[PDB]
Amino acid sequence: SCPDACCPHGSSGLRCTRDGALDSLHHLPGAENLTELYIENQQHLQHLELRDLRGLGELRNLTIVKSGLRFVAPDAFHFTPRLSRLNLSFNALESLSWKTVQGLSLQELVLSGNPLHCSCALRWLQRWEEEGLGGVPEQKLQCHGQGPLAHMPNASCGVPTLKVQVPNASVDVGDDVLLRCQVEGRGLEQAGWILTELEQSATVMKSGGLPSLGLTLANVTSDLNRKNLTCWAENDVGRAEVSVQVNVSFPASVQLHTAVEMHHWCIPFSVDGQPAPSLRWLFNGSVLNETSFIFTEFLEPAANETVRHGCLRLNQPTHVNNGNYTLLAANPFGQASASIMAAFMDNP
């Protein structure tokens, strides 16, 4: 208890029991560090707008109850991206857009005691109930003038359906790649592409429009590999996405590093190219015979890149293993090579 509408609670919480929570919240030094916010009995909270939760980046638990909340802006939680428990029960909400919680990792979404009006705009919540999400099944939510949400008819409700047309085959560095995204569904609002930071691995030219969006990736580089190319579309029911990748073939490359002694020795290497190159060690120009004690071992590959790393491992090498280690790396483009001198034990 404190002489403000909002009183701090715990290390990083705020509990607001009288009107004026939002004003009080935004006059609180350090409010950006709040991790829990409880709000009740507001008298002028018909709408929750984008700016109302501005700056509350650390918020994990948000409760707004008994406040006559009627309209939640689709971007009302843009400034609360870490929200994981959201309780909006006992308001006047007749509808709730799927956009409000999109992108949140909500463990809990509480909508009890609201006069929910069922329509295709509530199909997403029905899916959460179907899939056991957000603690929604236990609420047994109801369509206010009808029956339970679990029985809302839904034959006409659907997110857009997408088909992405991609090249079947790999391409070469410098090629132009055409992709297309075909979108179907009722009441389409928007569609487009999300291109995760290409880093200029392609020149991006969009063309056409609904229902067949066109994408040309021109003058591709090898770094277009592993990049997610996503087509998305949205209507009142929900959002659909399809992500694809393009394969850009490119020549082998190899590099060696100075030998380092650990419980085994390691000659570290990195290799790149696509198709992934085959590897062959030579020692003083002769093929090296890999054995139980001298063998190639790779680090686990990474999903976001084609380069591979590893070691030539040597368990207890002697002076006979002093000399010139060459790593050959070859794919359909030809053979690359790198060489390094290595010494392991003094001559007797």
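In this text, residue numbers run from 1 along the sequence as written.
Checklist entry - So which stretch wins on mean C-alpha B-factor, 289-297 or 62-70? => result Between 289-297 and 62-70, it is 62-70.
Checklist entry - Once you work out the mean C-alpha B-factor for both 47-55 and 319-327 from the entry, which is higher? => result Looking at the record's C-alpha B-factors, the answer is 47-55.
Checklist entry - Reading the B-factor column of the entry, which of 222, 216, 270, 95 has the highest value at its C-alpha atom? => result Of the candidates given, the C-alpha B-factor peaks at 95.
Checklist entry - When you compare the CA B-factors of 255, 249, 278, 201 as listed in the entry, which one comes out on top? => result When the deposited C-alpha B-factors of 255, 249, 278, 201 are compared, 201 is largest.
Item to check | Cα B factor band for residue 123 (lowest, middle or highest third within the chain) | outcome: It falls in the middle third of the chain.
Checklist entry - Ranked by Cα temperature factor within the chain, is residue 241 in the lowest third, the middle third or the highest third? => result Middle third, going by the recorded CA B-factors of the chain.
Checklist entry - Lowest, middle or highest third: where is residue 182 by C-alpha B factor in its chain? => result For residue 182, whose C-alpha B-factor we compare with every modelled residue in the chain, the answer is the highest third.
Item to check | B-factor third for the C-alpha atom of residue 146 within its chain | outcome: Top third by C-alpha B-factor.
Checklist entry - Can you tell me which third, lowest, middle or highest, the CA B-factor of residue 265 falls into for its chain? => result Lowest third, going by the recorded CA B-factors of the chain.
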